[PDB]
Amino acid sequence: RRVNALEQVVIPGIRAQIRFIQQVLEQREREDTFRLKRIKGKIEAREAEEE
Amino acid sequence: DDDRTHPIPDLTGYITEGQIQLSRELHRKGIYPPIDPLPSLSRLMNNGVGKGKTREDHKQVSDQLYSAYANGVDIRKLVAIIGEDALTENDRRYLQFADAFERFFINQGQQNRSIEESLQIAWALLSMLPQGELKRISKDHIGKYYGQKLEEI
Amino acid sequence: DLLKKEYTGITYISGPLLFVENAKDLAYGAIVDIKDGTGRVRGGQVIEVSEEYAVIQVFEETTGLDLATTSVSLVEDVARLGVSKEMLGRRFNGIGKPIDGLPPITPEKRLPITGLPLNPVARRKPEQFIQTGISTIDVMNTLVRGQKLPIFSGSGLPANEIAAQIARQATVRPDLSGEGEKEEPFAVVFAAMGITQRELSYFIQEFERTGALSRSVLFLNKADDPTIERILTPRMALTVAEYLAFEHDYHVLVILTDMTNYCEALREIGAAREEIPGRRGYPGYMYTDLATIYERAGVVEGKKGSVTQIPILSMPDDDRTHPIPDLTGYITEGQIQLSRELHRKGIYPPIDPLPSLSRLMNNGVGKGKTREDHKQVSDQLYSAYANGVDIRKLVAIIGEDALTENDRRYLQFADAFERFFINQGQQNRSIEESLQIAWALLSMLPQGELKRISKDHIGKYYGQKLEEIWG
Amino acid sequence: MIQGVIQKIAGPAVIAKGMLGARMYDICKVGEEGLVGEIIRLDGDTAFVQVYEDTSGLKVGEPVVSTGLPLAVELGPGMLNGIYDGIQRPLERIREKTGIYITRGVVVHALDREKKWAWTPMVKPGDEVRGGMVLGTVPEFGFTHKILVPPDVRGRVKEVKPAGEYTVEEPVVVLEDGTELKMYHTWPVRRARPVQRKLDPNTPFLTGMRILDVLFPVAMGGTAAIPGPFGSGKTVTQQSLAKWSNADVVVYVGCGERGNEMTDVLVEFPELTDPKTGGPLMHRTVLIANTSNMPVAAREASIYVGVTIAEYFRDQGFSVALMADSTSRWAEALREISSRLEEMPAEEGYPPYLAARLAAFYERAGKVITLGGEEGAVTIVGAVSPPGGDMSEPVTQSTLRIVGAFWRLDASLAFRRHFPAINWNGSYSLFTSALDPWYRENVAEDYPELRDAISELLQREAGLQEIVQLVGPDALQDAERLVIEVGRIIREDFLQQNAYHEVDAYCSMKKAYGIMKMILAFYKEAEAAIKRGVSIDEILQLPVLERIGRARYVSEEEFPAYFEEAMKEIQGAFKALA
Ligand SMILES: Nc1ncnc2c1ncn2[C@@H]1O[C@H](COP(=O)(O)OP(=O)(O)OP(=O)(O)O)[C@@H](O)[C@H]1O
Ligand SMILES: [Mg+2]
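Protein sequence lines correspond, in order, to chains G, E, F and C. The first sequence lines up with residues 159 to 209 when you count with the deposited numbering. The second sequence lines up with residues 318 to 470 when you count with the deposited numbering. The third sequence lines up with residues 2 to 472 when you count with the deposited numbering. The fourth sequence lines up with residues 1 to 578 when you count with the deposited numbering.
Here it is, written out as structure tokens:
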């Protein structure tokens, strides 16, 4: 009974949480990459194109 | 994956009017087509069934089949952790109904079953249970459709 | 001066920001008047000034503004609020204007709303313990006069009712501390940011029922009010509180309804100015901005007055690791955390004892202040409750029928604690009654297992029965 | 007026130059076709305009004309029994003019200028009038429409039109300063309508659902939110509320949802019966439709139009219920508009001012005292659609901070066809303690006690379900088996409700009270029988269990006779054994 419960209950519950946390961290990394792109674009504009 | 919450099927769900979900468990044991009746849904079914189209006993038969299959699945999945020591005669009847259901109703293969013979098979499977267990069906449709034997044997 | 120059030449309006080109004469942080073409006057504040142009944030909405007729004129170089002793019993909006129909205040003094840091040499240690009437606060998370003790809440948890009960039942004990002199009632300063009508009506009715409006000053900023006005409300409230406490020797209690709304208002200005974000999009200077609000409370050497703060904030997904509670916990001197699991079982107040903390507890407890057996009893209760909570997770896996007698005793002690100590309703328990209940609950455990309590107190207080208190 | 030309086109965003003098949030006509637009940013000589229609086919250099006025709706008689666009355009005239496809550039008046209305005056010359006062009455489908002074108008009456039939645009009252008042007036959709005071809600909003009326009530003038994944049952619950509630006027807003669901309302409702007036159900309902394939920018305007109409009907003393199909589509529209502006995004790409808009929208509800002197109330029920069922998304968290009721749906219950699938463990209501004086005299004195007993039984069943699945049902004692069985009976017979059954779709308060009394009486009798040594199998095989299960299918007229016999049946059945 204990072997069956551990095999069929706990492990998928941990695995889904692991997948969810990985997805959230990946989304946060993409969101900060977008901000870095925007600030690089802002830096490139004011230092060369303005008179 | 098994990810029902992936953005593509999720955004498909919010626009459409239902879904038909294939089951990998039914595919592994050889059932074709592996359609799982439990997560499936058709939101516009209530407008297209009744008197004057198909047959007047469509909705009652569908509800009874869903209820009996759900009870059979509950009985089958009760055993998988604790054991088969708690089954009664009614539970074994519903388990046999679920087995024959997945054997014949879902596992149709490459056939071209009409709606009439599909309802005939459904009523043949409903005849494996006593009339007192068929709570969802009015007794008028029982009086003129009950008693069919297994046609696909 | 007596006259002001109108600055025409607005060149950019978008969101809460407004640009003016010919405004090198405006000082940084000055307050300006924005005059509409129809005659309506709106407020604003300068946040960046240069010889080329100036940047102004707008408090009210930008509907109806146009680049042709709108003009900007200076009000004052430093944002100031007129304060007086006669403003007790009044009501004001988020920008200090009366909304009660009475004539405005004649100011005795005008003070900057940004405030000034308190000199650490001029401070002194908070010493006076405050009896709030709640056993979970008086015994385990003791609040002293001059402390910042925010309440961590959720969406459906009744933090407002707890705050109202605390403000209704707060009193010091001069007889226990040996002072003897009867205390004066607390003066309450109430600041609301983005409050709804449902909570505002409850607060108003509760204050009217107890007659506390004669000693209260209210600053109200409703949910339909402009968002940018929420920046100035805590600063004005704290300026009034500090003036009353340190100029007229009042004992001031300050309640802030929701700092989450203040942080959300700050995030709009942070995102509009393209600041470097924090962990969840909040501006990186949010720790400094919150520090200028919280750190204005305390006591001053050589003065009788005091400032006590009870902020209220809501953790969004009951999350303690959210940036707002995380930054709040690094500044304040503790927290009171509510539990949804205790709320679902009908326990009121649903104060969770383990996440709660009081940093200034050791100053106001001990012999000559409350009693000689306070801290040891608190520590023993904490350890026994932790043991019971740990045993619950074991019986959730292995079943309760395989337990020993000691684990069963701890399991029963946890249930008795939750049912009797935490759950008290609306009654006003004294400190002695709470200590009696605490000693009654500790009597369920074996005498030898009380490791954290000295034998001298055990020989005096052990052996009380719970049935002699509750039947 | 201010007139300019187009200098930039990018999606639904048009930048027009030469627009010096234009004001923020005004309405502009874009292009030679005449598309409606709104200014959201001014920058020097140019203005930024968002377009509420399709921008394909536009060329740079087309004229732009500003109307000099913000977005406003026409408020007056003739709005009932109608279906409107997101910017208040009648669709039944659009079908007549253009056929089966919606095309841009069609200009139709919101109110019919040709229909005659019977006029009955109330004011007299020489009277003093203020905002919100009544100066006449106009008949409608069972209602008495009141012609109101606009809230910003003051003066004295100079002349009054006599009784007769007139159109909406004919002046009926002329003031002494030259102001002419017609049967209708225009009001900006972004400004809340003034009121005198706000009152504490103390009367229930009867929805007709057992689980919502009993366990998680919402008061008249409160707010509620119903989140859930797809297929949970939000739309069915909202339509049942529209069908069976006791509100006088129902306003339904479909923001970014399916068009078949809107056609279902247009077809079914004219053939139903009003619960309280006895007429057709569509005579009290106003529909605002903006489907998902329609332009995105019109999603924001539809919510404001609906809430403005609901506020207008509140000022006439009626009780209005407002239903919003999805605020997540409004959030998506705000996200798209902010992305076109290249603003800095907050969490999940939403603009940082998302919470302020939601706070300003839900704040319009509440029971108030109108400027005229009557009492009205507005209640708002808004459905939220989290993507993966993750209720940590910003829209849900911003909604939970202002609403007073929270009806959480579960995808687990929806898969097993258990409806309404309300998760009774995660749901809560803050209006329960205020409606108890109403319940104690309008239903029964002991109703809260029975409700608390039912809640305690559900909590005990939820507690025992862990032991049930971790040790097996055989290890439980008979006392716990009785609690498990009674919890199953409660879940199957009281919480479950069918929205399509001809009888079970509606349930009065007294019927639910009788069902709760029957269940608690059965539980008490079974608890008494356990101490007498009766086996649990003997109790469960009793035929009186089917009587309780079939009780919810009995009609309202036949229910007291069913209950009166069922109580004696329970008593005799438990008396006849042991
Ligand atoms: N109370 C109910 N009684 C009976 N059947 C119901 C009930 N609620 C939902 N259903 C069934 O479940 C389906 C759910 O469809 P519905 O339009 O209500 O979902 P939804 O939550 O609005 O989802 P979506 O986000 O996809 O629009 C219904 O079409 C119906 O078949
Ligand atoms: Mg829906």
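The C-beta atom is built at its ideal place from N, Cα and C for all residues, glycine as well.
Contact set between residue i and chain C, taken where Cβ atoms lie within less than 8 Å
i: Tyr-13 of chain F; result: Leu-42, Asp-43, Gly-44
Inter-residue Cα distance where the pair is residue i and residue j
i: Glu-189 of chain G; j: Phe-141 of chain C; result: 55 Å
i: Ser-326 of chain C; j: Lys-370 of chain F; result: 58 Å
i: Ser-384 of chain E; j: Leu-577 of chain C; result: 33 Å
i: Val-14 of chain C; j: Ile-32 of chain F; result: 35 Å
i: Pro-235 of chain F; j: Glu-209 of chain F; result: 23 Å
i: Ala-479 of chain C; j: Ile-530 of chain C; result: 7 Å
i: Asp-319 of chain F; j: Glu-200 of chain F; result: 20 Å
i: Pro-312 of chain F; j: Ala-292 of chain F; result: 13 Å
i: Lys-304 of chain F; j: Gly-449 of chain F; result: 48 Å
i: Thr-240 of chain F; j: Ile-256 of chain F; result: 14 Å
i: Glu-456 of chain C; j: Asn-425 of chain C; result: 12 Å
i: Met-262 of chain C; j: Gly-367 of chain E; result: 23 Å
i: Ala-526 of chain C; j: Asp-457 of chain E; result: 36 Å
i: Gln-425 of chain F; j: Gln-437 of chain F; result: 14 Å
i: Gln-381 of chain E; j: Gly-460 of chain E; result: 16 Å
i: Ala-213 of chain F; j: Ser-85 of chain F; result: 19 Å
i: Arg-321 of chain E; j: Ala-411 of chain C; result: 11 Å
i: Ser-508 of chain C; j: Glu-556 of chain C; result: 8 Å
i: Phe-418 of chain E; j: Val-396 of chain F; result: 41 Å
i: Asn-246 of chain C; j: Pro-90 of chain C; result: 27 Å
Anticipated Cβ contact below 8 Å, residue i with residue j, distance rounded
i: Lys-146 of chain C; j: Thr-137 of chain C; result: 6 Å
i: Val-65 of chain C; j: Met-1 of chain C; result: 6 Å
i: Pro-171 of chain C; j: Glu-180 of chain C; result: 4 Å
Within chain E, the residues that residue i reaches when beta carbons sit closer than 9 Å
i: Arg-159 of chain G; result: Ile-398, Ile-399, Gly-400
Amino acids of chain F, ordered along the chain, whose beta-carbon sits closer than 8 Å to that of residue i
i: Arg-193 of chain G; result: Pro-278
i: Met-220 of chain C; result: Near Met-220 of chain C there are no residues of chain F at all, since even the closest Cβ is about 13 Å away, more than 8 Å.
Chain-ordered neighbours of residue i on chain E, where CB pairs are closer than 7 Å
i: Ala-203 of chain G; result: By Cβ distance, chain E contributes nothing, its closest Cβ being about 33 Å from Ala-203 of chain G, past 7 Å.
Chain E contact for residue i (CB, 8 Å cutoff)
i: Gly-388 of chain C; result: yes
i: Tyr-553 of chain C; result: no
i: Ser-240 of chain C; result: no
i: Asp-177 of chain C; result: no
i: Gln-180 of chain G; result: no
i: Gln-166 of chain G; result: yes
i: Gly-472 of chain C; result: yes
i: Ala-163 of chain G; result: yes
Under 9 Å from the C-beta of residue i: neighbouring residues of chain F
i: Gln-397 of chain C; result: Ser-156, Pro-317, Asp-318
i: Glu-347 of chain C; result: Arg-281, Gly-282
Proximity test, Cβ basis, 8 Å: residue i and chain F
i: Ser-433 of chain C; result: no
i: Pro-352 of chain C; result: yes
i: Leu-476 of chain C; result: no
i: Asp-410 of chain C; result: no
Interface partners of residue i on chain F, CB under 7 Å
i: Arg-23 of chain C; result: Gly-65, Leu-66, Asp-67
is_contact[residue i, chain C] using C-beta, thresh 8 Å
i: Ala-272 of chain F; result: yes
i: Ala-403 of chain E; result: yes
Below 8 Å, can you find three or more Cβ-Cβ pairs linking the region 404-414 of chain C to the region 219-227 of chain C? yes
Is the region 405-416 of chain F touching the region 427-441 of chain F, taking contact as three or more C-beta pairs under 8 Å? no
Are there three or more Cβ pairs, one per stretch, closer than 8 Å when the region 367-383 of chain C is compared with the region 347-357 of chain C? no
Does the region 50-69 of chain F touch the region 174-192 of chain F, meaning 3 or more C-beta pairs lie closer than 8 Å? no
With contact counted as at least three CB pairs below 8 Å, one residue from each stretch, are the region 499-519 of chain C and the region 465-485 of chain C in contact? no
Below 8 Å, can you find three or more Cβ-Cβ pairs linking the region 336-350 of chain F to the region 142-160 of chain F? yes
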